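In what follows, a structure is listed as structure tokens, so that the remarks can point back to it.
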Amino acid sequence: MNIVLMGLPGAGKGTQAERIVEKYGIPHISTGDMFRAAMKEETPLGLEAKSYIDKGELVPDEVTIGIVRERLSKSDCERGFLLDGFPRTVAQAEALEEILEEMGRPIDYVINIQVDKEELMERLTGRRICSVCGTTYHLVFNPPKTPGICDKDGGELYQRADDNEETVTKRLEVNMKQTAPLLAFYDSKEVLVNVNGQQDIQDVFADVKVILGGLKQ
Ligand SMILES: Nc1ncnc2c1ncn2[C@@H]1O[C@H](COP(=O)(O)OP(=O)(O)OP(=O)(O)OP(=O)(O)OP(=O)(O)OC[C@H]2O[C@@H](n3cnc4c(N)ncnc43)[C@H](O)[C@@H]2O)[C@@H](O)[C@H]1O
Ligand SMILES: [Mg+2]
Ligand SMILES: [Zn+2]
């Protein structure tokens, strides 16, 4: 149960990751969350990633590989893991292959959550996120029970700094450029599985369960 999620901005990685963690009991590793936390604490890593994140650009490969290697060396990952948003370039995928061969934990599947770019701006412009637990809502497609508050913990919802329309536009263009190379890389490895992410959330998850419930230790 060593899984990677890939998708264009707003395609649903975090929403599906939360459901995967709850059903299969593996830890969630999100590079976006790691960088935004370091930004928040203003660590040197934080301050250095911020210039890229704010513009909607990729943080450089070397630093991102490093935080992922460190995270994967923790003991929770022995049973599996769900990488979310990493790799997102070919060079990050090649490093991860090498790390995971050294660790003895090769990827079982890379799940690509496919959504038309033309749907993604509306997903991100309506996204409202819990300041406490990070879960995401959408004003129309997945609202909280009470506006402005998270259902789980009563935390204040906020708008991610990079979800402004002109940032979303750059994020889409930056990540669309990596898409073909990365799908070729993992299809040629025979670990890529695509899912149609333009369905109701529970229907996307049903397809994820066909894939992950088919794995056996
Ligand atoms: N490896 C790496 N290398 C270098 N730089 C890196 C890096 N990783 C990260 N970075 C940097 O960090 C930045 C942020 O990375 P990251 O945090 O990974 O952002 P991302 O990849 O753009 O993905 P998002 O979190 O925006 O979208 P999501 O697909 O998780 O959508 P969600 O489930 O929330 O859902 C979106 C919205 O839609 C709603 N929704 C979800 N599913 C559905 C559905 N099926 N139908 C309708 N609405 C839906 C939700 O409620 C929500 O409102 C990057 O831009 C880069 O600068
Ligand atoms: Mg996310
Ligand atoms: Zn919350």
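Counting starts with 1 at the first residue shown.
Positions of Cβ are set from backbone N, Cα and C atoms, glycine also.
What Swiss-Prot says about this one:
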BINDING   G10, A11, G12, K13, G14, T15, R127, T136, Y137, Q199  ATP binding site
REGION    30-59  region 'NMP'
BINDING   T31, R36, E57, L58, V59, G85, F86, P87, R88, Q92, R160, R171  AMP binding site
REGION    126-163  region 'LID'
BINDING   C130, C133, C150, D153  Zn(2+) binding site
Those same-chain residues, other than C130, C133, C150, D153, found with Cβ within 8 Å of the centroid of the Zn(2+)-site Cβ atoms are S131, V132, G134, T135, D151, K152, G154, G155
Find the one among the binding-site residues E57, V59, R88, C133, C150 whose C-alpha lies closest to that of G14 (ATP binding site). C133
Close approaches to the region 'LID' (126-163) from elsewhere in its chain (Cβ under 8 angstroms; 6 or more beyond its ends): 10, 14-15, 18, 33, 36, 53-54, 56, 171, 201
Enter the number of other CB atoms within 10 angstroms of the CB of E57 (AMP binding site). 13
Pairwise C-alpha maximum, in angstrom, for the residues (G10, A11, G12, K13, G14, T15, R127, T136, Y137, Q199) that bind ATP according to the record: 17
Consider only the binding-site residues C130, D153, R160: which of them have a Cβ under 6 Å from an atom of ligand 1? Write none if no residue does. none
Integer Cα-Cα distance in angstrom, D153 (Zn(2+) binding site) to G10 (ATP binding site): 23
In whole Å, how far is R88 (AMP binding site) from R127 (ATP binding site) when you measure between their Cα atoms? 22
Those binding-site residues among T31, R127, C130, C150 lining ligand 2, judged by a Cβ under 6 Å from any of its atoms, are none
Tell me which binding-site residues (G12, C130, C133, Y137, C150, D153) have a Cβ under 6 A from ligand 3; sequence order is fine. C130, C133, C150, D153
With H, G and I counted as helix, E and B as strand and the rest as coil, say where DSSP puts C130 (Zn(2+) binding site). strand
Find, for the listed binding-site residues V59, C130, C133, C150, the residue with the lowest Cβ contact count at a 10 Å cut-off, counting only other Cβ atoms. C133
